[PDB]
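Let's start with one chain on its own, the form deposited in one PDB entry, as structure tokens.
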């Protein structure tokens, strides 16, 4: 943390953050969400990290170079250490990236190495080559070299993500799935795991072996698993919570803006809220059905009337303000909602649905007051505008993600936030073979458009291809875009270090501090 001159620090440097839900896991290769990444950044540190404003900056790697954007050489700092005092080396990275690639690990982020194009990843994911063939090597204990199959000018931006953080081989091997328990875990971030009580709390304590420990200020941070946005606000206002999770309750938001304006933080956020259709399950394998659902949802009602927290109506998957996004707004987005409704009803009628045999399906969401209120609204809108019936279902976060990966669903609410600020952070997740493809969407045309983006050595042609890829996704109605998020949360006035400038919201508790109050 960089405490400004003149700031008086509180005697007790402890922080309590709400984290939305119980995490899927503390193993960097088994996680896929925001609650998981929030804790992961305090515990595991990769090659690069985001600074307090979100820029890619030195992590375990103090400096790096690239040859033709294809061979990347990372010089690791000599004092990087794990919490048990042992050095973090390039061999840790070699093992870790191999473990991420290995199909036996079944990582939801195995395809992150395809997004970066590390050599031999396609064959390793397919079981054709062992994970030890991955294009990574430790040239010495402090030098990690990565070899890509084609030039990727933005490759280093990928490296702040939890999936490419190191994991401690000795603990993994000796304890298997219990390696992350407090008695067994070993970490290399600013913090160490002190306690983990499922559905109660995760408590982290400062890691004295962290190389940048002298600048860490918070000595302990607690992450809670509260999925009720009302309860989160309540426990924030009672004094227990210093930072809410970034899901705000529809019941209280307008009043909070009038009552504690300076604590209500609202900033840009590279995430899209949408309804994820299971593209492989009848009748959702019919484009007319997906198109009808997409058009009949009234974004103005959801964004401005129901939620009304500053979000923007969406017509794409990739947020239009992503670095490199130059998207074309489809004509259907400028139509009236009545024109959208008629087209929707016409398409559903063409697909075989009638008043006597209407379309009925499930709408799955992760337990949350905000997502329930939005799903109820979407249900009413779809019923009114299109004559479709929906059965709402809630599942706790970990179960919900597993369900979507399994494809045991019809339609599910969904949010995707960027992992790196570049359109492929969204677009690669819709590739046929992506481990992140929970839409179960497979389009050779879309795959080809994205494959072409790194074949050209030009940025503007690249932006045009991303735009065409989005048009292909839209033409197929792979998803139902709802809104581009704003990041809204409450932060106590005595929590220093949180700018709100990072559009990825990659917070590190090592950067924060408690001001005397």
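Numbering follows the first chain given and starts at 1.
The protein also exists as the form deposited in another entry; that form is not presented, and the subsequent description refers to it.
Participant: So the chain moves as two rigid parts between the shown form and the other one - do residue 228 and residue 8 fall into the same part, judging by which superposition fits each C-alpha better?
Facilitator: Same rigid part: residue 228 and residue 8 move together between the shown form and the other one.
Participant: Knowing the Cα distance between residue 479 and residue 109 changes 3 Å or more in that other deposited form, does it shrink or grow relative to here?
Facilitator: More distant in that other deposited form, by 3 Å or more.
Participant: Comparing against this form, do residue 202 and residue 397 have their CA atoms pulled together or pushed apart in that other deposited form? The difference is 3 Å or more.
Facilitator: It is farther: in that other deposited form, the C-alpha atoms of residue 202 and residue 397 lie at least 3 Å more apart than they do here.
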